[PDB]
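Visitor: Mind looking over this structure? Questions follow.
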Ligand SMILES: *[C@@H]1O[C@H](CO)[C@@H](O[C@@H]2O[C@H](CO)[C@@H](O[C@@H]3O[C@H](CO[C@H]4O[C@H](CO[C@H]5O[C@H](CO)[C@@H](O)[C@H](O)[C@@H]5O)[C@@H](O)[C@H](O[C@H]5O[C@H](CO)[C@@H](O)[C@H](O)[C@@H]5O)[C@@H]4O)[C@@H](O)[C@H](O[C@H]4O[C@H](CO)[C@@H](O)[C@H](O)[C@@H]4O[C@H]4O[C@H](CO)[C@@H](O)[C@H](O)[C@@H]4O[C@H]4O[C@H](CO)[C@@H](O)[C@H](O)[C@@H]4O)[C@@H]3O)[C@H](O)[C@H]2NC(C)=O)[C@H](O)[C@H]1NC(C)=O
Ligand SMILES: *[C@@H]1O[C@H](CO)[C@@H](O[C@@H]2O[C@H](CO)[C@@H](O[C@@H]3O[C@H](CO[C@H]4O[C@H](CO)[C@@H](O)[C@H](O[C@H]5O[C@H](CO)[C@@H](O)[C@H](O)[C@@H]5O[C@H]5O[C@H](CO)[C@@H](O)[C@H](O)[C@@H]5O)[C@@H]4O)[C@@H](O)[C@H](O[C@H]4O[C@H](CO)[C@@H](O)[C@H](O)[C@@H]4O[C@H]4O[C@H](CO)[C@@H](O)[C@H](O)[C@@H]4O)[C@@H]3O)[C@H](O)[C@H]2NC(C)=O)[C@H](O)[C@H]1NC(C)=O
Ligand SMILES: *[C@@H]1O[C@H](CO)[C@@H](O[C@@H]2O[C@H](CO)[C@@H](O[C@@H]3O[C@H](CO[C@H]4O[C@H](CO[C@H]5O[C@H](CO)[C@@H](O)[C@H](O)[C@@H]5O)[C@@H](O)[C@H](O[C@H]5O[C@H](CO)[C@@H](O)[C@H](O)[C@@H]5O)[C@@H]4O)[C@@H](O)[C@H](O[C@H]4O[C@H](CO)[C@@H](O)[C@H](O)[C@@H]4O)[C@@H]3O)[C@H](O)[C@H]2NC(C)=O)[C@H](O)[C@H]1NC(C)=O
Ligand SMILES: *[C@@H]1O[C@H](CO)[C@@H](O[C@@H]2O[C@H](CO)[C@@H](O[C@@H]3O[C@H](CO[C@H]4O[C@H](CO[C@H]5O[C@H](CO)[C@@H](O)[C@H](O)[C@@H]5O[C@H]5O[C@H](CO)[C@@H](O)[C@H](O)[C@@H]5O)[C@@H](O)[C@H](O[C@H]5O[C@H](CO)[C@@H](O)[C@H](O)[C@@H]5O)[C@@H]4O)[C@@H](O)[C@H](O)[C@@H]3O)[C@H](O)[C@H]2NC(C)=O)[C@H](O)[C@H]1NC(C)=O
Ligand SMILES: *[C@@H]1O[C@H](CO)[C@@H](O[C@@H]2O[C@H](CO)[C@@H](O[C@@H]3O[C@H](CO)[C@@H](O)[C@H](O[C@H]4O[C@H](CO)[C@@H](O)[C@H](O)[C@@H]4O)[C@@H]3O)[C@H](O)[C@H]2NC(C)=O)[C@H](O)[C@H]1NC(C)=O
Ligand SMILES: *[C@@H]1O[C@H](CO)[C@@H](O[C@@H]2O[C@H](CO)[C@@H](O[C@@H]3O[C@H](CO)[C@@H](O)[C@H](O)[C@@H]3O)[C@H](O)[C@H]2NC(C)=O)[C@H](O)[C@H]1NC(C)=O
Ligand SMILES: *[C@@H]1O[C@H](CO)[C@@H](O[C@@H]2O[C@H](CO)[C@@H](O[C@@H]3O[C@H](CO)[C@@H](O)[C@H](O)[C@@H]3O)[C@H](O)[C@H]2NC(C)=O)[C@H](O)[C@H]1NC(C)=O
Ligand SMILES: *[C@@H]1O[C@H](CO)[C@@H](O[C@@H]2O[C@H](CO)[C@@H](O)[C@H](O)[C@H]2NC(C)=O)[C@H](O)[C@H]1NC(C)=O
Ligand SMILES: *[C@@H]1O[C@H](CO)[C@@H](O[C@@H]2O[C@H](CO)[C@@H](O)[C@H](O)[C@H]2NC(C)=O)[C@H](O)[C@H]1NC(C)=O
Ligand SMILES: *[C@@H]1O[C@H](CO)[C@@H](O)[C@H](O)[C@H]1NC(C)=O
Ligand SMILES: *[C@@H]1O[C@H](CO)[C@@H](O)[C@H](O)[C@H]1NC(C)=O
Ligand SMILES: *[C@@H]1O[C@H](CO)[C@@H](O)[C@H](O)[C@H]1NC(C)=O
Ligand SMILES: *[C@@H]1O[C@H](CO)[C@@H](O)[C@H](O)[C@H]1NC(C)=O
Ligand SMILES: *[C@@H]1O[C@H](CO)[C@@H](O)[C@H](O)[C@H]1NC(C)=O
Ligand SMILES: *[C@@H]1O[C@H](CO)[C@@H](O)[C@H](O)[C@H]1NC(C)=O
């Protein structure tokens with residue numbers, strides 16, 4: 085009946101600090117535990133620890149018992165039955181393998197066997213740890229190319245190249261376009277950079293009626309560059325439709 | 109420990125339904141006599157003007173509310189009677205749990221919801237529920253009778 | 109069917125003693141709380157002048173009758189207590205049936221007479237009957253005591 | 029049912045003082061709050077101020093402050109409105125109203141009656 | 056502070072009209088209507104809610120800075136001038152005629 | 003699960019928002035010493051020595067001071083006591099005689115020396131008697147001859163409150179009945195309306211001194227952390243803004259005149275008391291307060307006023323209008339009712355970029371609290387001089403709802419209605435009805451697999 089949100093991708097370097105908080109909604113923050121689980125590709129989704137926002141009792145993993153320390157803020161009630169609150173987990177003396185998609189997770193019950201075990205899950209904000217610099221996603225368009233000449237479509241999308249670090253997100257017409265959404269993730273070259281793209285589905289008959297633009301952005305670089313696909317082109321499957 | 113120590117009136121207001129299930133006596137007491145103990149005791153202070161100048165403005169405020177407290181209390185004791193269980197606190201019935209009232213399961217009912225919270229989610233059906241227990245008694249009351257005749 | 113469906117207050121007034129033996133809850137309820145449910149519910153209408161100008165002419169008519177209803181009710185609950193059976197509705201005793209009260213047989217008592225009719229034919233002896241049950245308890249109350257001493 | 033009525037035609041020269049009536053019935057006069065409006069022809073309906081009839085507590089708008097004088101008399105259930113230093117600006121007809129309930133005054137459900145004024 | 060748009064407001068009995076009103080801060084909305092001889096008549100007391108003697112035609116409808124009052128199926132009693140009120144403030148208002 | 007069954011529970015921790023006739027608790031040192039008559043205090047029960055309260059864990063109740071019936075109950079009570087206590091007291095109805103008033107020697111004739119003929123305990127003596135009156139307490143007739151009449155004699159029923167009684171504000175607790183409960187907001191800074199966090203159950207409230215003032219809040223409770231401001235809606239310019247001080251500012255006041263009691267017996271077994279004379283100098287009543295304390299207090303207010311409003315600069319002003327009750331700081335001091343002219347305390351503009359205050363006061367004797375139906379009360383004069391000291395604990399403001407360019411936002415002393423006096427203290431609390439019966443499923447049948 086509620087939902088949880090977290091701290092965005094905070095790029096840091098090996099041998100540093102990184103803080104990751106979690107804020108609640110639609111439920112009594114004090115009534116439930118707050119767990120912490122990452123997604124280390126080499127080890128697996130390792131559980132870090134939970135803490136009671138009411139009793140202040142903890143149970144950290146002996147792996148990071150000395151390393152990490154947890155803490156919570158006060159609860160801010162919305163109604164007589166719901167509230168909002170904050171919780172934390174900072175880790176120092178970092179290494180390389182302290183990485184992955186990081187989840188906060190509210191408990192299941194207020195009492196019982198499976199008290200602390202998580203039911204509701206957070207966003208999952210990815211975290212990388214390296215000493216290298218950071219590069220911005222230079223956005224550019226692509227020369228249109230149809231998917232099917234039988235049906236009659238005019239596919240078009242924007243291209244991102246040489247960015248670091250993940251994640252990057254795309255929304256069309258500033259959240260004013262619903263159907264026909266298609267995206268995909270990136271991969272690391274021999275050099276050491278991630279790169280992705282996007283794509284949409286519209287007909288080739290009505291071209292200059294509706295207008296679409298990709299609102300691309302990136303949290304660590306702090307930019308929101310936008311682009312538009314140039315329709316003037318010559319391919320193999322799109323010239324048959326014109 | 110926890111169930112054999114002190115708690116206080118209405119203490120488990122925000123405690124699970126299971127938790128509250130120990131601290132009934134706390135809120136099962138003082139429904140009446142919470143005030144008649146205190147009133148009789150505190151009112152026999154050396155005043156000697158209890159009800160002087162006959163009855164006054166506080167005269168009715170109390171009696172209009174004194175006479176309420178008991179019938180209000182005797183209303184819940186009349187339900188215990190008419191449901192055949194004035195053992196109070198806890199009592200089982202033949203009336204089964206219509207999941208139409210709450211599809212939810214046992215585990216979470218007693219260990220996550222609280223009674224304030226629960227009685228709300230079930231408020232609308234209570235009327236129909238309560239009437240089922242009365243018709244559960246009378247089936248039993250006739251079945252008792254039938255056997256009183258032949259033995 | 110008939111015992112598991114609706115009937116209504118005082119419905120079995122002219123029904124046999126056996127018939128009425130199912131519809132007790134109907135007239136065992138509302139002895140009290142028949143009015144305290146309705147009063148509290150209907151009186152919280154948006155008036156905001158409950159007991160305005162202190163108490164009035166309807167002021168005492170109710171309270172003189174409110175305070176009656178409960179002691180009148182608590183009188184019958186005091187009998188259930190003093191006869192050792194507040195299970196209500198139906199309860200057996202060791203007091204046997206003195207045929208001097210009614211020589212008649214079982215068959216016709218439950219299937220031809222009605223309670224209004226019956227309690228009349230037995231009205232005069234009820235005083236002596238009721239006093240027999242009280243002395244039936246106290247024999248049992250001493251017999252209980254005697255055994256509390258030695259074990 | 030809560031009736032309302034005022035005075036009528038009263039002509040005056042600029043730079044003078046005036047006074048009008050506003051009788052009312054149907055409620056505990058002192059419990060519910062009242063107010064006035066300087067509804068101008070063509071212009072926006074200008075609010076003048078409100079009055080609590082129990083104690084006589086009032087509140088006035090700046091353009092009318094000093095000039096306006098809201099009064100009452102529970103012995104007659106009649107709210108008065110005095111206005112000195114007259115101009116062409118304030119020549120329009122006035123109207124005394126009360127809210128739908130005492131709980132909220134600004135929901136004017138009950139209004140006054142025509143009161144011609146000439147300058 | 057209230058911006059009651061728009062101003063012209065002349066149509067036939069067989070039509071529909073919608074009057075808008077804008078504000079900076081929040082508040083309790085209301086609406087009125089003047090007549091020949093008569094004074095302003097209340098028609099809305101919360102926004103969604105209607106006053107006494109008001110059919111389903113009077114549709115109040117928008118949770119946002121723009122609030123509007125619609126009175127479809129026009130008639131001859133509808134002629135006059137309307138205003139939007141929020142607390143002590145009033146709207147510019149608008150006159151509809153024959 | 004299993005074959006689950008309804009099972010019923012008596013004694014569950016459940017309540018609902020409710021209203022019901024409360025009852026009052028007295029104080030031990032209050033009842034014991036006689037103090038003769040005092041309100042209806044004697045008819046209450048005594049408060050429990052043990053101030054018992056239980057804190058409720060894991061609850062966050064909703065409180066809204068504005069819709070709280072304890073104050074619709076409080077004033078209901080407060081009026082009822084007065085009427086009934088003055089029920090037996092002496093009626094001044096025949097004193098409506100033409101008062102031939104000469105004045106005595108703020109010099110317009112505030113104290114006036116008047117004569118009149120009355121019939122005594124007995125109908126065989128029209129005794130021409132002379133007595134003193136206040137300029138407010140009296141009103142002239144036709145041309146200003148030497149003739150006056152009592153302020154509301156023709157239109158009301160004036161009743162001389164017996165001197166045996168006292169108006170001393172004894173604190174009071176509202177003890178709740180059985181099957182009910184009164185909750186508290188145990189927070190420091192509570193808005194007034196909205197959800198609570200630190201909540202608890204009490205049997206009775208804290209001691210509510212039923213003082214009745216008209217502009218400033220006296221002898222009440224102070225704020226806990228920092229001063230707070232409370233209103234239903236601030237845009238609702240027709241809504242009283244209640245302020246609660248953190249530091250109470252002591253205000254000393256006095257009627258400097260040493261008066262002499264004079265019993266004129268209208269009879270048969272009753273007399274009308276008045277000031278026979280004035281032993282010494284003739285002086286003016288007033289109230290002293292440190293202007294440093296007061297305006298440094300006004301600093302507390304503005305910063306928390308700027309929180310509800312924009313950082314726009316603020317201005318204070320004298321009351322726009324109303325009865326002397328509202329337009330002036332009115333209160334009782336030693337048995338006599340004051341009306342201090344509060345222009346001084348409310349005339350200031352607080353922006354961003356020594357001595358003391360002496361407020362003049364008038365004494366009225368014929369008064370009408372709660373503005374009743376042709377029902378007035380004559381407080382007899384108190385012997386000698388009187389000097390009392392109140393703590394300003396807060397006050398009431400009223401905004402001018404016509405925002406201006408210069409402006410900027412004006413706040414004058416409110417105090418038309420009396421229901422806020424009680425809200426100012428009873429905000430902390432709320433009443434609920436306990437409902438101990440509750441049904442819940444647990445796998446258990448009613449043991450009738452055999453009979
Ligand atoms: C906010 O809170 C503050 C703080 O509470 C409020 O301020 C308080 O206000 C109340 C009342 O408004 C005041 O209480 C009254 O005080 C007066 C005067 O005080 C007397 O006592 C002083 C010393 O205290 C002694 O007595 C107390 C008990 O009273 C005792 O506990 C203590 O140990 C000590 O023994 C004296 O200093 C004082 O002045 C004397 O000395 C002066 C020179 O130093 C001189 O100039 C004076 O003239 C005087 O000689 C004075 O003696 C009390 O009079 C009053 O008590 C009256 O009322 C009760 C109840 O009815 C009654 O039992 C008393 O006997 C008395 O009533 C009779 O006596 C009066 C004269 O004493 C007389 O004027 C009355 O008319 C009345 O007369 C009737 O009875 C007599 C027989 O007794 C009979 O012969 C007559 O015919 C007639 O029938 C109260 O105690 C607080 O003092 C005051 N506190 C402070 C700090 O200021 C403030 O008001 C609150 N704000 C609001 C808005 O409410
Ligand atoms: C049983 O017996 C009872 C007896 O009590 C009967 O009932 C009573 O009858 C009384 C008379 O029959 C009645 O008392 C009077 O009512 C007057 C009604 O007001 C009309 O007239 C005024 C002018 O006097 C006028 O202003 C009013 O309205 C005008 O303005 C409105 C504004 O919206 C217009 O809508 C309206 O059309 C009208 O004219 C305007 O518009 C037209 C166009 O339509 C223009 O052409 C005009 O130029 C104008 O602009 C009403 O029309 C009431 O006014 C009387 O009170 C005034 O007069 C007395 C003295 O006569 C005075 O003391 C008052 O203070 C008040 O004076 C004010 O007006 C004066 C001008 O006359 C002015 O000089 C003053 O300065 C003041 O401003 C008077 O009260 C009484 O109400 C009823 N009682 C009840 C309960 O109904 C009953 O009928 C009998 N029953 C039977 C069965 O027999
Ligand atoms: C208000 O609401 C809140 C939130 O809804 C509510 O808090 C819940 O309360 C319930 C009931 O008390 C809790 O449910 C229990 O949880 C127990 C889990 O905590 C145990 O384990 C902790 C870890 O200790 C290990 O690790 C440390 C180092 O990490 C090591 O030193 C230890 O040796 C151990 O290895 C431990 O710290 C904790 O300690 C409790 O007790 C000590 C005293 O012994 C006390 O000082 C602490 O403050 C703390 O309370 C505890 O031992 C769990 O064990 C327990 O399970 C029992 O009961 C269930 C069913 O009841 C059975 O299934 C099970 O077999 C056991 O019998 C039970 O599940 C729940 O965790 C709370 N949740 C939160 C978020 O706080 C409040 O009670 C509410 N308050 C009111 C008044 O209503
Ligand atoms: C019993 O006592 C009552 C109350 O005391 C008397 O009630 C009055 O009854 C009469 C009945 O006729 C009413 O008289 C009306 O007066 C109208 C004209 O009044 C105008 O002039 C007044 C003159 O007063 C000035 O002079 C005196 C000293 O001579 C000063 O004290 C006073 O302050 C005034 O000084 C200013 O003005 C002069 C010029 O006159 C300057 O030179 C000075 O420098 C000062 O600037 C004046 O007082 C009036 O003020 C009133 O009106 C203005 C608005 O214009 C308002 O703002 C004021 O606050 C004030 O209300 C006014 O200017 C006359 O036209 C009319 O026909 C009528 O005769 C009078 O209104 C009643 N007063 C009240 C308060 O109700 C009663 O007379 C008395 N009876 C007996 C028998 O003794
Ligand atoms: C508090 O609020 C008040 C009311 O809104 C606000 O009012 C203004 O006060 C000034 C005073 O600085 C007024 O100016 C004059 O004040 C003197 C007293 O100082 C009066 O005697 C004047 O009235 C007489 O004289 C006028 C001609 O000079 C006549 O026209 C008049 O009829 C009188 O005979 C005069 O009022 C000013 O008029 C008012 N403004 C209004 C609209 O009333 C004051 O500024 C506020 N102050 C603070 C600190 O908040
Ligand atoms: C409340 O609970 C009672 C039982 O305690 C319900 O009565 C029973 O309801 C079922 C329908 O759910 C009836 O029909 C049977 O259903 C199953 C599948 O659901 C099917 O296999 C059977 O062949 C048959 O269809 C069942 O006859 C009925 N029992 C009686 C004695 O009538 C009742 O419906 C519940 N009511 C509510 C409002 O929840
Ligand atoms: C009420 O019932 C009791 C029994 O429950 C009656 O007591 C018993 O009454 C009989 C007389 O009817 C006593 O005597 C015996 O009678 C039979 C024949 O009737 C005879 O065979 C025996 O030899 C003997 O005569 C019997 O002793 C007596 N029991 C006791 C314990 O005293 C009682 O009389 C009834 N009273 C009324 C008013 O009906
Ligand atoms: C200093 O005070 C001035 C007022 O004298 C403040 O100006 C106000 O600023 C708010 C926004 O913060 C506006 O909404 C008001 O309209 C402004 N009023 C005026 C009269 O200018 C100013 O913000 C204050 N500055 C600080 C830093 O407190
Ligand atoms: C605030 O400043 C304004 C001017 O900016 C002053 O406004 C004048 O107010 C008087 C009424 O007292 C009007 O007659 C004038 O027409 C106004 N002039 C202007 C230019 O608006 C106002 O007096 C100032 N307020 C204070 C308290 O000084
Ligand atoms: C009960 O049914 C509702 C849908 O009506 C569902 O959302 C809810 O999860 C169900 N609860 C359980 C415990 O299955
Ligand atoms: C108990 O769990 C249900 C869903 O399993 C949830 O809707 C409800 O809010 C929970 N109760 C509390 C107090 O969180
Ligand atoms: C319970 O009944 C009330 C009417 O008293 C209704 O408003 C409410 O929606 C009902 N509950 C649910 C969950 O629909
Ligand atoms: C009971 O006794 C009476 C005579 O006293 C007799 O008429 C009646 O028939 C008897 N009843 C039965 C059932 O034997
Ligand atoms: C029951 O039968 C008896 C005789 O057997 C008779 O006296 C009595 O009147 C009958 N009851 C009714 C209701 O007819
Ligand atoms: C003041 O009035 C009184 C009234 O009796 C008079 O005796 C006295 O002389 C007056 N004072 C002066 C200074 O005239």
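Chains as they are written, first to last, in our numbering: chain A, 85 to 326; chain B, 109 to 259; chain C, 109 to 259; chain D, 29 to 147; chain E, 56 to 153; chain F, 3 to 453. Cβ atoms here follow ideal geometry from the backbone N, Cα and C, with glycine treated the same way.
Closer than 8 Å is the cut-off here; do at least three beta carbon pairs connect the region 184–198 of chain B with the region 137–148 of chain E?
Guide: No, because fewer than three Cβ pairs between the region 184–198 of chain B and the region 137–148 of chain E fall closer than 8 Å, the two stretches do not touch.
Visitor: Residue 161(A) versus chain F: which residues are under 7 Å apart at the beta carbon?
Guide: Here residue 161(A) corresponds to residue number 77 of the first chain, with the count starting at 1. Simply 62, 197 and 199.
Visitor: Taking only heavy atoms of ligand 11 into account, decide whether any of them is closer than 8 Å to the Cβ of residue 220(B).
Guide: Stepping through the second chain from its first residue, residue 220(B) is reached at position 112. Yes, Cβ of residue 220(B) sits closer than 8 Å to a heavy atom of ligand 11.
Visitor: Determine the DSSP secondary structure at residue 186(F), reduced to helix, strand or coil.
Guide: Counting from 1 along the sixth chain, the entry for residue 186(F) is found at position 184. Here residue 186(F) sits in strand by DSSP.
Visitor: Does the beta carbon of residue 212(B) come closer than 9 Å to any beta carbon on chain C?
Guide: Taking the first residue of the second chain as 1, we reach residue 212(B) at position 104. So no, residue 212(B) is outside the interface.
Visitor: May I have the straight-line CA-CA distance separating residue 192(F) from residue 303(F), to the nearest angstrom?
Guide: Locating residue 192(F) in the sixth chain gives position 190, where the first residue counts as 1. Locating residue 303(F) in the sixth chain gives position 301, where the first residue counts as 1. C-alpha separation (whole angstroms): 16 Å.
Visitor: The beta strand (DSSP E) that contains residue 252(F), what's its start and end?
Guide: By one-based count along the sixth chain, residue 252(F) stands at place 250. Counting along the chain, the beta strand (DSSP E) containing residue 252(F) begins and ends at 243–266.
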